[PDB]
file work_32.txt (compact mmCIF, C-alpha atoms (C1' of nucleotides))
# COMPACT_ATOMS: atom_id res chain seq x y z
CA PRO W 160 -18.92 -21.39 -15.94
CA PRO W 161 -16.90 -18.19 -16.41
CA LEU W 162 -16.08 -16.36 -13.18
CA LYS W 163 -17.15 -12.72 -13.02
CA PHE W 164 -15.24 -9.95 -11.28
CA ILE W 165 -15.70 -6.36 -10.12
CA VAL W 166 -13.29 -3.63 -11.25
CA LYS W 167 -12.95 -1.54 -8.08
CA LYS W 168 -10.53 1.34 -7.62
CA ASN W 169 -7.85 0.62 -5.04
CA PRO W 170 -8.39 2.24 -1.61
CA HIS W 171 -4.83 3.59 -1.90
CA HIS W 172 -3.74 6.44 -4.18
CA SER W 173 -4.91 6.81 -7.78
CA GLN W 174 -1.45 5.63 -8.90
CA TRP W 175 -2.74 2.43 -10.52
CA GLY W 176 -5.91 1.04 -8.97
CA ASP W 177 -8.91 -0.43 -10.81
CA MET W 178 -8.11 -3.82 -9.30
CA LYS W 179 -10.20 -6.85 -10.21
CA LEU W 180 -11.97 -8.60 -7.33
CA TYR W 181 -13.41 -12.12 -7.43
CA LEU W 182 -15.70 -13.89 -4.99
CA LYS W 183 -13.69 -16.04 -2.59
CA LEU W 184 -16.21 -18.89 -2.63
CA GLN W 185 -16.19 -19.11 -6.43
CA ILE W 186 -12.38 -19.07 -6.54
CA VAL W 187 -12.18 -21.81 -3.91
CA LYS W 188 -14.75 -23.92 -5.77
CA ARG W 189 -12.90 -23.50 -9.07
CA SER W 190 -9.57 -24.40 -7.45
CA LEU W 191 -11.10 -27.51 -5.88
CA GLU W 192 -12.60 -28.53 -9.22
CA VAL W 193 -9.32 -28.02 -11.09
CA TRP W 194 -7.04 -29.66 -8.51
CA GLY W 195 -9.53 -32.26 -7.22
CA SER W 196 -8.87 -31.70 -3.52
CA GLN W 197 -7.26 -29.24 -1.13
CA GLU W 198 -4.51 -31.75 -0.30
CA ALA W 199 -3.57 -31.85 -3.98
CA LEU W 200 -3.34 -28.04 -4.03
CA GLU W 201 -1.15 -28.07 -0.91
CA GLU W 202 1.14 -30.67 -2.47
CA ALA W 203 1.27 -28.59 -5.66
CA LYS W 204 2.28 -25.42 -3.82
CA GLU W 205 4.86 -27.34 -1.77
CA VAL W 206 6.46 -28.83 -4.88
CA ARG W 207 6.30 -25.40 -6.55
CA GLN W 208 8.24 -23.75 -3.73
CA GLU W 209 10.67 -26.70 -3.68
CA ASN W 210 11.23 -26.22 -7.42
CA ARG W 211 11.73 -22.49 -6.86
CA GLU W 212 14.42 -23.21 -4.27
CA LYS W 213 16.00 -25.75 -6.63
CA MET W 214 16.06 -23.21 -9.47
CA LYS W 215 17.55 -20.45 -7.31
CA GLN W 216 20.28 -22.74 -5.97
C1' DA R 1 20.22 85.69 3.26
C1' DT R 2 18.41 81.07 5.76
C1' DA R 3 15.24 77.64 7.04
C1' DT R 4 10.89 75.13 4.48
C1' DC R 5 7.85 72.63 0.96
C1' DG R 6 7.74 70.19 -3.53
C1' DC R 7 9.94 66.81 -6.14
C1' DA R 8 12.65 63.11 -6.80
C1' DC R 9 15.51 58.93 -5.63
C1' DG R 10 16.37 55.16 -4.05
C1' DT R 11 15.93 50.82 -0.40
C1' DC R 12 13.91 47.05 3.33
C1' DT R 13 10.40 44.01 3.80
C1' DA R 14 6.53 41.41 2.63
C1' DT R 15 -1.94 40.47 4.06
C1' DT R 16 -0.79 35.10 2.76
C1' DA R 17 -1.17 28.01 -2.66
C1' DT R 18 5.86 24.46 -5.27
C1' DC R 19 8.75 19.59 -6.60
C1' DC R 20 10.32 14.77 -4.62
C1' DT R 21 10.07 8.99 -4.02
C1' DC R 22 6.22 4.32 -2.71
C1' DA R 23 1.81 1.15 -4.78
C1' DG R 24 -1.36 -4.33 -8.61
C1' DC R 25 -1.83 -6.12 -13.20
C1' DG R 26 -0.69 -7.35 -17.78
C1' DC R 27 2.99 -8.24 -21.76
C1' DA R 28 7.77 -9.67 -22.17
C1' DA R 29 12.50 -11.68 -20.52
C1' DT R 30 13.80 -16.21 -18.43
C1' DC R 31 14.31 -21.17 -17.70
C1' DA R 32 13.68 -26.35 -17.31
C1' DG R 33 12.70 -30.08 -20.20
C1' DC R 34 12.95 -32.49 -24.39
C1' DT R 35 14.77 -33.52 -28.76
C1' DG R 36 17.81 -33.38 -33.42
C1' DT R 37 22.96 -33.83 -35.78
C1' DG R 38 27.38 -35.06 -35.86
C1' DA R 39 31.45 -37.68 -34.22
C1' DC R 40 33.55 -39.87 -30.01
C1' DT R 41 34.54 -42.99 -26.45
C1' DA R 42 34.08 -46.89 -24.53
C1' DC R 43 32.42 -51.56 -22.77
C1' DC R 44 30.54 -56.36 -22.23
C1' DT R 45 29.88 -61.09 -23.73

call {"tool": "encode", "arguments": {"input": "work_32.txt", "output": "structure tokens"}}
result
Amino acid sequence: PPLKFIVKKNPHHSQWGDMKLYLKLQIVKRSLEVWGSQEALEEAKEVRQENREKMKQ
DNA sequence: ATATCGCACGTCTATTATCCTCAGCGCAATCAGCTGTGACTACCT
């Protein structure tokens, strides 16, 4: 299902607020569904940072 | 004839509300990967 969000003005200045906020539980559930497991997500972020280091070098 | 009031001529000081440089989120610059065209260079059995 689509994930809803709340457009809440930032507690800081009125410079550019109106930030979107999502429920943490829904985001975690969606991430687990997409990636299968938390270990897969950890491996994905590790290989992403490794690729970032490879690209910068 | 000499001090004295009206008028003027300025000048010092102020009972009082302005212009600079740090913040998420979405559209655009960037990049790795892959492939296509052409000739080249070479290497094994």

call {"tool": "residues_around", "arguments": {"input": "work_32.txt", "residues": "region 25-34 of chain R", "least_positions_apart": "5", "cutoff": "10 Å", "atoms": "only C-alpha atoms (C1' of nucleotides)", "output": "ChimeraX atom specification"}}
result
/W:175-179,214

call {"tool": "atom_distance", "arguments": {"input": "work_32.txt", "atom1": "CA of residue 160 (chain W)", "atom2": "CA of residue 193 (chain W)"}}
result
12.6 Å

call {"tool": "atom_distance", "arguments": {"input": "work_32.txt", "atom1": "CA of residue 205 (chain W)", "atom2": "CA of residue 189 (chain W)"}}
result
19.6 Å

call {"tool": "interface_residues", "arguments": {"input": "work_32.txt", "of": "chain W", "to": "chain R", "cutoff": "12 Å", "atoms": "all atoms listed in the file", "output": "list in words"}}
result
residues 166, 167, 168, 169, 170, 171, 172, 173, 174, 175, 176, 177, 178, 179, 180, 210, 211, 213, 214 and 215 of chain W

call {"tool": "write_last_selection", "arguments": {"input": "work_32.txt", "atoms": "C-alpha atoms", "output": "mmCIF file, in the frame of the given file"}}
result
data_model
loop_
_atom_site.group_PDB
_atom_site.id
_atom_site.type_symbol
_atom_site.label_atom_id
_atom_site.label_comp_id
_atom_site.auth_asym_id
_atom_site.auth_seq_id
_atom_site.Cartn_x
_atom_site.Cartn_y
_atom_site.Cartn_z
ATOM 1 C CA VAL W 166 -13.290 -3.630 -11.250
ATOM 2 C CA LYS W 167 -12.950 -1.540 -8.080
ATOM 3 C CA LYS W 168 -10.530 1.340 -7.620
ATOM 4 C CA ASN W 169 -7.850 0.620 -5.040
ATOM 5 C CA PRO W 170 -8.390 2.240 -1.610
ATOM 6 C CA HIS W 171 -4.830 3.590 -1.900
ATOM 7 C CA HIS W 172 -3.740 6.440 -4.180
ATOM 8 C CA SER W 173 -4.910 6.810 -7.780
ATOM 9 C CA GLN W 174 -1.450 5.630 -8.900
ATOM 10 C CA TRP W 175 -2.740 2.430 -10.520
ATOM 11 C CA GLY W 176 -5.910 1.040 -8.970
ATOM 12 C CA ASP W 177 -8.910 -0.430 -10.810
ATOM 13 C CA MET W 178 -8.110 -3.820 -9.300
ATOM 14 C CA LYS W 179 -10.200 -6.850 -10.210
ATOM 15 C CA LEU W 180 -11.970 -8.600 -7.330
ATOM 16 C CA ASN W 210 11.230 -26.220 -7.420
ATOM 17 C CA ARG W 211 11.730 -22.490 -6.860
ATOM 18 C CA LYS W 213 16.000 -25.750 -6.630
ATOM 19 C CA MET W 214 16.060 -23.210 -9.470
ATOM 20 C CA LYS W 215 17.550 -20.450 -7.310
#

call {"tool": "atom_distance", "arguments": {"input": "work_32.txt", "atom1": "CA of residue 185 (chain W)", "atom2": "CA of residue 162 (chain W)"}}
result
7.3 Å

call {"tool": "build_atoms", "arguments": {"input": "work_32.txt", "residues": "region 189-214 of chain W", "atoms": "N, CA, C and O atoms", "output": "compact mmCIF listing (two decimals), in the coordinates of the input"}}
result
# COMPACT_ATOMS: atom_id res chain seq x y z
N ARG W 189 -13.61 -23.25 -7.82
CA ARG W 189 -12.90 -23.50 -9.07
C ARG W 189 -11.56 -24.19 -8.82
O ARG W 189 -11.18 -25.10 -9.56
N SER W 190 -10.84 -23.76 -7.78
CA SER W 190 -9.57 -24.40 -7.45
C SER W 190 -9.78 -25.85 -7.05
O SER W 190 -9.00 -26.73 -7.44
N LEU W 191 -10.82 -26.13 -6.26
CA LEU W 191 -11.10 -27.51 -5.88
C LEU W 191 -11.48 -28.35 -7.09
O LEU W 191 -11.08 -29.52 -7.18
N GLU W 192 -12.25 -27.79 -8.02
CA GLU W 192 -12.60 -28.53 -9.22
C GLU W 192 -11.38 -28.82 -10.08
O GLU W 192 -11.23 -29.93 -10.60
N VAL W 193 -10.49 -27.84 -10.23
CA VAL W 193 -9.32 -28.02 -11.09
C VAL W 193 -8.34 -29.01 -10.47
O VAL W 193 -7.86 -29.93 -11.13
N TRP W 194 -8.05 -28.85 -9.18
CA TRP W 194 -7.04 -29.66 -8.51
C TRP W 194 -7.62 -30.90 -7.83
O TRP W 194 -6.85 -31.69 -7.28
N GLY W 195 -8.93 -31.08 -7.86
CA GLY W 195 -9.53 -32.26 -7.22
C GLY W 195 -9.77 -32.15 -5.73
O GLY W 195 -10.89 -32.39 -5.27
N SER W 196 -8.74 -31.80 -4.96
CA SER W 196 -8.87 -31.70 -3.52
C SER W 196 -7.89 -30.67 -2.99
O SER W 196 -6.94 -30.28 -3.67
N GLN W 197 -8.14 -30.22 -1.76
CA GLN W 197 -7.26 -29.24 -1.13
C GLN W 197 -5.88 -29.82 -0.85
O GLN W 197 -4.88 -29.10 -0.93
N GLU W 198 -5.81 -31.11 -0.52
CA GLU W 198 -4.51 -31.75 -0.30
C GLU W 198 -3.66 -31.72 -1.56
O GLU W 198 -2.45 -31.52 -1.50
N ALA W 199 -4.29 -31.93 -2.72
CA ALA W 199 -3.57 -31.85 -3.98
C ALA W 199 -3.02 -30.44 -4.21
O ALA W 199 -1.89 -30.28 -4.67
N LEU W 200 -3.81 -29.42 -3.88
CA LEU W 200 -3.34 -28.04 -4.03
C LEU W 200 -2.17 -27.75 -3.08
O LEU W 200 -1.22 -27.07 -3.46
N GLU W 201 -2.25 -28.25 -1.85
CA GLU W 201 -1.15 -28.07 -0.91
C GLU W 201 0.12 -28.75 -1.40
O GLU W 201 1.21 -28.19 -1.32
N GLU W 202 -0.02 -29.98 -1.91
CA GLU W 202 1.14 -30.67 -2.47
C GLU W 202 1.70 -29.91 -3.67
O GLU W 202 2.92 -29.82 -3.84
N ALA W 203 0.82 -29.35 -4.50
CA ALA W 203 1.27 -28.59 -5.66
C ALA W 203 2.05 -27.35 -5.24
O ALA W 203 3.10 -27.06 -5.81
N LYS W 204 1.56 -26.62 -4.24
CA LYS W 204 2.28 -25.42 -3.82
C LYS W 204 3.60 -25.79 -3.13
O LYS W 204 4.60 -25.08 -3.29
N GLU W 205 3.62 -26.90 -2.40
CA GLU W 205 4.86 -27.34 -1.77
C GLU W 205 5.90 -27.72 -2.82
O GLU W 205 7.07 -27.33 -2.71
N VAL W 206 5.50 -28.47 -3.85
CA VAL W 206 6.46 -28.83 -4.88
C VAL W 206 6.85 -27.60 -5.70
O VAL W 206 7.98 -27.52 -6.19
N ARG W 207 5.95 -26.63 -5.85
CA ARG W 207 6.30 -25.40 -6.55
C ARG W 207 7.37 -24.62 -5.81
O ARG W 207 8.33 -24.14 -6.41
N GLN W 208 7.22 -24.47 -4.49
CA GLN W 208 8.24 -23.75 -3.73
C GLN W 208 9.55 -24.55 -3.67
O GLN W 208 10.63 -23.96 -3.70
N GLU W 209 9.46 -25.88 -3.61
CA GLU W 209 10.67 -26.70 -3.68
C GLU W 209 11.39 -26.51 -5.01
O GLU W 209 12.62 -26.39 -5.05
N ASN W 210 10.63 -26.47 -6.11
CA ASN W 210 11.23 -26.22 -7.42
C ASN W 210 11.82 -24.82 -7.50
O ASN W 210 12.86 -24.62 -8.14
N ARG W 211 11.17 -23.84 -6.87
CA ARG W 211 11.73 -22.49 -6.86
C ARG W 211 13.07 -22.45 -6.13
O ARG W 211 14.02 -21.82 -6.60
N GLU W 212 13.15 -23.13 -4.98
CA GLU W 212 14.42 -23.21 -4.27
C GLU W 212 15.47 -23.94 -5.10
O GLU W 212 16.64 -23.54 -5.13
N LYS W 213 15.07 -25.02 -5.78
CA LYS W 213 16.00 -25.75 -6.63
C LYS W 213 16.52 -24.86 -7.75
O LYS W 213 17.72 -24.87 -8.05
N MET W 214 15.64 -24.08 -8.38
CA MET W 214 16.06 -23.21 -9.47
C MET W 214 16.98 -22.11 -8.97
O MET W 214 17.97 -21.77 -9.64
